[PDB]
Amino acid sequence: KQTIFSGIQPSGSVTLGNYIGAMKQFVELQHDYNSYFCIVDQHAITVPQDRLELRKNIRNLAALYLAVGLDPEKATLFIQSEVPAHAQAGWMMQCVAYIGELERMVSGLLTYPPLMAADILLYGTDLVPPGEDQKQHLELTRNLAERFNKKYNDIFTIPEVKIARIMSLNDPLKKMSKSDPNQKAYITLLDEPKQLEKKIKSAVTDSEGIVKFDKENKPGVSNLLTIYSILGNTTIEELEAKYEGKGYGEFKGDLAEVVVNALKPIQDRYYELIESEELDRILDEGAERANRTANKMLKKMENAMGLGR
């Protein structure tokens, strides 16, 4: 059973687009793969942060992950910061990484990649996700892994990166993104039904009046068919067949409700957890698991380098 590590930044709120990109894809692999989801709060402080926004974002993200079906008794969801081994191994890896490598991509900004390498390597990670802009982060990680294996002990497995792009409702050519100035460009998983509906019905389209798919010729309608597709558990072409004698108004109206119904259980559950202390227990349990495992790999690192006794 291969093992996967996903480093997940607590950055406030998840768009539908990114839920469909990563979240959904990797949450489902929890039964076939041994899977870790690490809220990387120590990487978040490499940029300016309000202390309150940060604790808020961390809880919030944890709640969503569980709300979207992550099973804490099969996968390991935890907060980086609560597993001291990360900083510890993070520091040993600083003593193996060179500056040159790091300048080629505030101090923690320049020197978090060794800590990132440490995040993945502490767990014997076989696989990492394709976070857009991780192509050079994984390369370093791989390299640092190889450099430590040669110089001390083969203890690290060399991690691999093994694999629907949701575009803006306002502009089909732009990717859906939380930082989009226009609030109607994107849907967040906690959007209320009322507002969910509004954003879909005003989503830019064509005039052709025919629900059909081609990306570079009907990008707005194509995108909508792709959302409908994933959230509704159907194929695009079935949907074409289904809207044969129909126009965008019925389509947009039906899609609205599909989306409301796909997000209702997720919301319902978010709010049960966000307030509960059950959420804290889950996170306590996750940190215990990760420490138990991360500490074994740490001691080896320490023994490989010679740090105690």
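Each residue number is its position in the shown sequence, starting from 1.
Coordinates are given for every residue of the deposited sequence from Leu173 through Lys174, so that no gap is recorded there.
Per-stretch averaging of Cα B factors for 145-153 and 76-84 places 145-153 on top. The stretch with the higher mean CA B factor, choosing between 291-299 and 21-29, is 21-29.
Per the deposited coordinates, the residue with the largest Cα temperature factor out of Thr188, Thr125, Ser202, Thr226 is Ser202. Considering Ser276, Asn60, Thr46, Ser35 together, the PDB entry gives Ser276 the largest C-alpha B factor.
Ranked by Cα temperature factor within the chain, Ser179 sits in the highest third according to the deposited record.
Ranked by Cα temperature factor within the chain, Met116 sits in the lowest third according to the deposited record. Per the PDB record, residue ranking by Cα B-factor puts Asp41 in the lowest third of the chain.
Among the modelled residues of its chain, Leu138 has a C-alpha B-factor that falls in the highest third according to the deposited record. Among the modelled residues of the chain, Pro129 sits in the highest third by CA temperature factor in this PDB entry.
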